[PDB]
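The chain contents come next:
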Amino acid sequence: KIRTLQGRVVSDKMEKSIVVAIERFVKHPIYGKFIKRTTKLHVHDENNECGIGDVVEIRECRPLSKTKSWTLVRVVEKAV
Amino acid sequence: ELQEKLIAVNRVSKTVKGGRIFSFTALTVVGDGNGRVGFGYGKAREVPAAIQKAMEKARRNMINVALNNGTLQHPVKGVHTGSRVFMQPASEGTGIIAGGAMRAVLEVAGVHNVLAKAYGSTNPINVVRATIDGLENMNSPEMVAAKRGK
Amino acid sequence: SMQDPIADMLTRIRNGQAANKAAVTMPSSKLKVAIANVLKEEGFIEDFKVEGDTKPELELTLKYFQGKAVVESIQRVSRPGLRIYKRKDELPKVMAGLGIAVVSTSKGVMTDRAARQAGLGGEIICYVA
Amino acid sequence: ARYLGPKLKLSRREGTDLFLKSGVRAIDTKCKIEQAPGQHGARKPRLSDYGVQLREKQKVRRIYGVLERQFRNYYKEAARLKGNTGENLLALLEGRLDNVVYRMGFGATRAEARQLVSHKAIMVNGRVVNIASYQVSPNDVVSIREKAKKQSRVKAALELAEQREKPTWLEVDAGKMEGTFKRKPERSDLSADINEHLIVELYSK
Amino acid sequence: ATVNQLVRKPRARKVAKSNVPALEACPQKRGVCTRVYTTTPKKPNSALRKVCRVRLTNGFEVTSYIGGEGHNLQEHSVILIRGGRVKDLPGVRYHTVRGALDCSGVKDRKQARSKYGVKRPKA
RNA sequence: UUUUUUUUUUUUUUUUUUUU
RNA sequence: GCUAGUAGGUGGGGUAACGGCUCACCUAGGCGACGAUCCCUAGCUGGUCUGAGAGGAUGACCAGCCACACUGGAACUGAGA
RNA sequence: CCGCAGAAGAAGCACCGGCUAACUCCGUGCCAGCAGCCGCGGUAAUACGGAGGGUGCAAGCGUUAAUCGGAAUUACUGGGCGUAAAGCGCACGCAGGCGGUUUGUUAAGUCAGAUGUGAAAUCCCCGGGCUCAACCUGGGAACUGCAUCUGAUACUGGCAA
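Entry numbering is not used for residues: they are numbered from 1 along each chain in the order the sequence is written, which may differ from it, and residues without coordinates are omitted. Each chain gets a letter, beginning with A, and each ligand a number, beginning with 1, in the order they are written. Reported quantities concern only the chains on display, which constitute a fraction of a larger assembly. Water and hydrogen atoms play no part in the side-chain values, which are based on all heavy atoms of the structure.

Determination of this PDB entry was carried out by cryo-EM to a resolution of 9.0 Å, according to the record.

In structure tokens:
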């Protein structure tokens, strides 16, 4: 019952966190092209196995600090 | 028992060398009440002589409009330089609510359920030419049923 | 024609069919051959054939009645991204009842009538009339 | 407020054989059509394509005696109704209370019949509905009340209608004076000589 | 047929040209009588017509016509203002429905009925 | 495709009604 | 051209419940021409003055919000101010 | 509601061009004057201004402050590029728009359904209670989306080739 977005790893700073931000899949009443605007997917990583370069699946978890909800699940699109 | 009506006229009278000149014109429509409609132009030295010459030309053959029963089953294109034009049938029961600028050309045959007013031009000549020259381009029920059969 | 898949299918049956031919032939495509089929089985064309089976060409017997195009009143209304998806009772009902349109939906390409009766909405390809 | 007269002035422009005064002596011989009813312009009048529908709103407005009020408030719902302009409008003016009682013969003139119905001399199944725009729908009933039922004017109608065409759309009793519409009026046999669709096309001009 | 000359006046006889500048809110207003005049030599020899100025805040100075009969329309008053700048008047861009306050306007003109508001004569 | 034999000539007011 | 506990970690503290909601601290991180600064100008909704109606437009019936009642900011006393 | 007593007690303004609509007999000289698009008056003024009659309509009649009418115009639903206005001498690449078309596969958008929301006065239809118009109303419905799931696969995007 998880909401499973397809996140490009698009920033790394924190020892046990990553930013997997892609487009904001909640739409609104408009012309007829795709919803191509970002949302801030902040994620408590710990294995760090996906690094910089995969696309990762994720799931809804507690904000143990400043709204940082999600955790990692699996590699949707491998390594490039 | 044919039906015989004017639609339009010119004032047509200008300056010259020299004083003034004038003329008398007419644009008229004729029909036969089972379904047949037609149109004709004329001129004379005189008013009714122009109407005469015009109606005499209007009496030529008259296109049997595809009516079944009180009105017609397709928007047949009246193609002209932008008139566009089309008419719209009404559900055989309410009247000829057409443009009084061109209604004549359907009341001479008693077409009782057709509407559309003067679409893209404020001139009765523009639509009355457009219609008769595109009414010849009609298809029978048996022709639309060959076009979608044999 | 690649900027609008599969639009040339409705232009080519207008062109050749005005232009004195009983025939037209072209490469086949993922929606065109179903359109060719429905156009025959309603009877707006006399036949279609498909030829060179392993990489086939697609061929239609146009209906050169009075030397004028049967598909003169036609319009292809759904366009790239700005699609035309309509509900089972929003569908076309044109020419005061005489019809018709050709659509596609959850059972293939078909007429709007046959769509309305199966109770389905769909992709409005063209108003045939 | 429905105009009152000179009542034969209405005939001198609305035209021949009107109901408004049906009955005696005046008919033809003083409504002056074919003689010259408008003497000064009589030599060469004209009409208009709109004007000729206008005189036929006038036909309907004066032959039945109804206000501009009612012409708008019957057309108000005639955009909701399902038939022709002749059903939607002209039929109702033929079968509103002050008109249906004339039609059966409870009065002799189509201007007397309104005065009667506002005077509490008629009912609808018991209802003394002086609100005479109230329209009496089929198989339910309209009667002169007891103490007015054979009262002079009634017999000046019923002995005079006897020689004329009585319609089938409605049925009456002529000796105890009560009735209804036995069907809806029909644009064929409604016997008003009017082109019954002119009065709504007159809005489109 | 040379339209730059032709458009100015050509065959209409109401001729629509009216010049009505200024706005800043609405035209139908109250107007203080500010300071009376009857000065200015013109071609229409305007007689007894005290045409005064109004303290309208509109970006320039403006004036009003006396709008109807009754000779006293004093400088201390405050009447109603409306359009209708007859060809006669230079500078002015309004007239006035002026029988408010004590300025009276129509005196015993039985004919005035619904145009100004007067009662019946002797039937 | 060289085309300066003098430059200028005040406002009016003509104007046979009208729907077709 | 906009950030300041604002952006992220540290970890102290307390919210019925989240968090720079935030202090202190180590470092400088956060936004932007796929509208960041900043101001317009506004009562907004079901409805409806007007309906193929798509547009022009109003927010005011009933209430729903608010927000008051002198300019009121605000604490207390009370389930409820 | 039922007897007396009497049509008794109850109406008028625009105005009258031409717009839906009825016209003349007269005045004052672009006087005074309506001024909405038009039109009227420049000593023969059909409505300026008086008057006679009659007219539209009848608790009504003209008209006014705004703005869309008719009139087609900000146009996913709705468009004109010779015209009003209308492919801007010119395209180095940076982001962006369209990315060649079909197999094996997929259903998030596509579409249909089952179930929820929109208690009550809608819009849109009937049946009625008052004498009844109204009014008082009850009954019958339709609500694109969003929710939670069952499916049907022709597009939209993808996945492997």
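Turning our attention to the domain arrangement of chain D. Residue and element names in this part refer to chain D. Under the domain assignment used here, chain D contains domain 1 (7-93 + 190-204) and domain 2 (94-180). Between domain 1 and domain 2, the residue contacts involve 17 residues of the former and 15 residues of the latter. By salt bridge we mean one thing: a side-chain nitrogen of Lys or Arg within 4 Å of a carboxyl oxygen of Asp or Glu. Where domain 1 touches domain 2, the interface holds zero salt bridges. Throughout this description, a polar contact denotes any pair of N or O atoms lying within 3.5 Å of each other; where both atoms belong to protein, one of them has to be capable of donating a hydrogen while the other can accept it, and for residues adjacent in sequence the pair is counted only when both atoms sit in side chains. Where domain 1 meets domain 2, there are 16 residue pairs in polar contact. For the purposes of this entry, the term helix denotes a DSSP run of H or I that reaches at least four residues, the term strand denotes a run of E that reaches at least two, and both are numbered from the N terminus. Only α3 (68-78) and α4 (85-95) provide two or more residues apiece to the side of domain 1 that touches domain 2. The leading source of residues in the side of domain 1 that touches domain 2 is α4, at four residues. Among the residues making up the side of domain 1 that touches domain 2, the classes are represented as 12 nonpolar, three polar and two charged. By convention here, the domain bounds are inherited from an automatic or database domain assignment. Whether two residues touch is decided by their heavy atoms; if any such pair falls within 4.5 Å, the residues are in contact. Polar here means any residue other than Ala, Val, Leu, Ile, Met, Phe, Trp, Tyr, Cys and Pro, which are nonpolar, and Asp, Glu, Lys and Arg, which are charged; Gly is therefore polar.

Time to look at the packing of α4 of chain D against helix α5 (residues 97-104) of chain D. All names here are of chain D. Under this scheme, a helix contributes an axis fitted over its contacting stretch, all axes are lines through C-alpha atoms, and angles between N-to-C directions fall in the 0 to 180 degree range. Two elements in contact, α4 and α5, have axes separated by 5 Å at closest approach and are oriented at 65°. Of the residues in α5, those touching α4 at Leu93, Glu94 and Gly95 are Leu97, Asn99, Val100 and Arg103. Classifying every residue of the contact of α4 with α5 gives three nonpolar, two polar and two charged.

Looking along the chain, the bond that leaves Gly99 of chain C and enters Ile100 of chain C is cis, with omega of -5°. Tracing the backbone shows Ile100 of chain C in the loop between β4 (85-86) and β5 (102-105). At the junction of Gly5 of chain D and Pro6 of chain D, the peptide bond is cis and its omega measures out at 0° in the coordinates. Structurally, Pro6 of chain D is set in the segment before α1 (7-14). Despite not being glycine, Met177 of chain D shows a phi value in the positive range, around 40°. In this fold, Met177 of chain D is placed in the loop between β3 (170-172) and β4 (178-181). For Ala123 of chain E, which is not a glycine, the phi torsion comes out positive at approximately 25°. Its place among the elements puts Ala123 of chain E in the segment after α2 (113-117).

Before going further, it helps to examine the sheet that holds strand β5 (residues 95-96) of chain E. Residues and elements named next belong to chain E. Here, any two strands with at least 2 DSSP bridges between them count as paired. In spatial order, the strands read β1-β4-β5; together these three strands make up an open sheet with antiparallel pairing. Edge positions in the open sheet fall to β1 (29-32) and β5, since each of these has one partner strand only. Both strand β4 (residues 78-82) and β5 contribute to a ladder of two bridges, which runs antiparallel. Directly across from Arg82, in β5, lies its bridge partner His95.

One frequent convention defines the size of an interface as the accessible area lost when the parts assemble. Between chain B and chain C, the contact holds 11 residues from the first and 14 residues from the second. The term buried area refers to how much accessible surface (probe radius 1.4 Å) is lost by two components on association, counted for both of them together. Of the roughly 1,200 Å² buried at the junction of chain B and chain C (both faces included), carbon and sulfur atoms supply 51%. Contact with chain C buries area across many residues of chain B, yet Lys77, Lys147 and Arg148 of chain B alone supply 52% of it, more than any other trio. In this assembly, chain B and chain C are joined by three salt bridges. Put simply, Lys150 of chain B and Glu46 of chain C hold a salt bridge, and the shortest N to O gap is 2.6 Å. Taken together, the residues of the side of chain B that touches chain C sort by class into three nonpolar, four polar and four charged.

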